[PDB]
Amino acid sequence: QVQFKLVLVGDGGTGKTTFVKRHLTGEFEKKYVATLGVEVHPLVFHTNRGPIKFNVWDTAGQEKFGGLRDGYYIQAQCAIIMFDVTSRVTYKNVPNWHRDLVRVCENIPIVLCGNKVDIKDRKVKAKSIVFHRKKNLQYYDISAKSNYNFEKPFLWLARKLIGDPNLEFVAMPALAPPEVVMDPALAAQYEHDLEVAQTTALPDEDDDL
């Protein structure tokens, strides 16, 4: 319906895919599996102006896996440029990504995101991050891991795309859930599945939650 093409660009390892997955499923993927060319995922937010759908084109940051490269940007309606605040080279490359992006997409809203602020030893100092000012990009410190500011890039983009500065995310309707009884035939398989689940430790047991 109301859907917008969003392209996500930035150096390999900056957290693009992890960030999208967090938003898609709620999970935090610890492993680094490099994106091959691009992965497309629809992502819906519920707002006080109705649902907004982003078709997220999560592009490869590794040169060797770049695929169609700027070919992915064609007809994008918005974008996120990612870097990693623990890696100065990734900030240094931001102008390169931005160059390639705006050559294809001349007038779109773009958010610049400095990811991994959860890591204690920050290398790209806050005071250093100024590239967005002359390019009219929005900027946020974010962490896919802690969820710090994780909703901000999508909220800002939605506001710009719908053209409503007072747009807010709203609680989606919660339909009454059904009453189901376990299949007696599957009860023995239930026992096994639960045993494996019980004996697989939960991750990050030192976290606040």
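Numbering starts at 1 and follows the sequence shown.
*Asks:* Say whether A176, which has coordinates in the shown structure, is without coordinates in a third or more of the other compared entries.
*Replies:* Other entries vs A176: none skip it.
*Asks:* State which stretch shows the higher mean Cα B factor in the entry: 173 to 181 or 139 to 147.
*Replies:* It is 173 to 181 that shows the higher mean C-alpha B-factor.
*Asks:* Would you tell me which stretch averages the higher CA B-factor in the PDB entry, 189 to 197 or 6 to 14?
*Replies:* Higher mean C-alpha B-factor in the PDB entry: 189 to 197.
*Asks:* Among the candidates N93, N107, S128, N115, give the one with the maximum CA B-factor reported in the record.
*Replies:* The record points to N107.
*Asks:* Looking at the C-alpha B-factor of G163, is it in the lowest, middle or highest third of its chain?
*Replies:* Highest third of the chain for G163's C-alpha B-factor.
*Asks:* Please place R88 in the lowest, middle or highest third of its chain according to the CA B-factor in the PDB entry.
*Replies:* CA B-factor rank for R88: middle third.
*Asks:* Which third, lowest, middle or highest, does the CA B-factor of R122 fall in along this chain?
*Replies:* It falls in the middle third of the chain.
*Asks:* Mind checking which third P51 falls in for C-alpha B-factor across the chain?
*Replies:* Its C-alpha B-factor, which the entry lists for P51, ranks in the highest third among residues of this chain.
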